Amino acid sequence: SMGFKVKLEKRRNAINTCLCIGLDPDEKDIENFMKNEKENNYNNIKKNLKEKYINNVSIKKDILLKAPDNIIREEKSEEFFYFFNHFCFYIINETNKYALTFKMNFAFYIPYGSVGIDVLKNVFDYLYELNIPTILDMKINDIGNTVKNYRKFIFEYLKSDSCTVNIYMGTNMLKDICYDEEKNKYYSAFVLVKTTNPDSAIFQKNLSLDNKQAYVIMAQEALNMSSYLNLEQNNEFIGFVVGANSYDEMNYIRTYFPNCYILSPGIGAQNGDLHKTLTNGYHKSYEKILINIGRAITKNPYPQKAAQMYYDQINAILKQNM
């Protein structure tokens, strides 16, 4: 209804940040949450159980509402589901007031089989209830007929607001990701432009087309496709993933494509410089420079305060730039 372009602008007005919280729980994170909860009489799960929108998740809600010691003795095959889902709800409850958007990387939800996809669905349901803008980081890429399935999963099933896409196969895939002709629906995506891999220069900088590096060619071809599709008219957009640690490229992209949307991972665990990234990617509509922080929040034992720190420092930097 709203369109992601409008959802972001409105939430930005309400919470006055561009922090994007990454929710990428790994096996150790889930184990540690279980062990800690078992040792603290399930303080955090008990807190989760008092929040209203837990009552609106789709999958195995009555399992999620059971007391933890009853899960362990009466529903032991659901133990992992229960603690994984409660870890996610805990992180969301503790940090959401500081988040312009949450980004969930699909890779963390698949490696146990179906169980993590139920968790992923419940996480998207929960964020949708909270009216928090979402990004599914799935880096999808395929031919047209195949990628329609990701469109269905991401935008119909999860009802995500956006996703990440790798357009190296071609730009035309976006016609079957960001647009549903039969339903007249439009969706937003961030395409990979400059990544945080230590060897990202191999293909992104060292390849070129008539004196422009590959990353610029890719960004321009993504914007060309957004144009073709008329996304921005329908309150949607195609934006760019530009690594936090990639200051020169961030500076170039923001200069050359003044009003583009950028999603920037790489601060915290991958050591990117927050002040430099945010300053080089700055826009007064700062929803156009999403600063993603995953592990520096989710692997912090004090995640509310971790998220608050990033929120407060982003605030101070936004003020300096304004």
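Under this definition, the rigid core comprises the largest set of C-alpha atoms superposing within 1.5 Å between the forms. The first residue of the sequence shown is number 1, and the count goes up from there.
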### Summary
After superposing on the rigid core, the stretch whose C-alphas lie farther from this form in 7 other deposited structures of this protein, comparing 191-199 with 154-162, is 191-199
### Task
Quick one: core-superposed, which stretch strays further from the shown model in 7 other deposited structures of this protein, 76-84 or 213-221? Go by RMS C-alpha distance.
213-221
### Task
Tell me which of 162-170 and 217-225 has the higher mean C-alpha B-factor in the deposited entry.
217-225
### Query
If you average the Cα B factors in the entry, which is higher, 40-48 or 275-283?
40-48
### Query
Which of these, 94, 156, 180, 210, has its C-alpha atom at the highest B-factor, as the entry lists it?
210
### Query
Checking the entry, which one of 78, 248, 118, 137 has the top C-alpha B factor?
248
### Task
Taking the values exactly as deposited, rank residue 241 by C-alpha B-factor within its chain and report the matching third: lowest, middle or highest.
lowest
#### Entry: Chain thirds of CA B-factor: placement of residue 270
middle
### Task
Using the B-factor values recorded in the entry, state whether the Cα atom of residue 15 falls in the lowest, middle or highest third among the modelled residues of its chain.
highest
### Task
Classify residue 143 as lowest, middle or highest third according to the C-alpha B-factor given in the PDB entry, relative to its own chain.
lowest
## Note on the structure
Among the modelled residues of its chain, the C-alpha B-factor of residue 175 falls in the third labelled middle
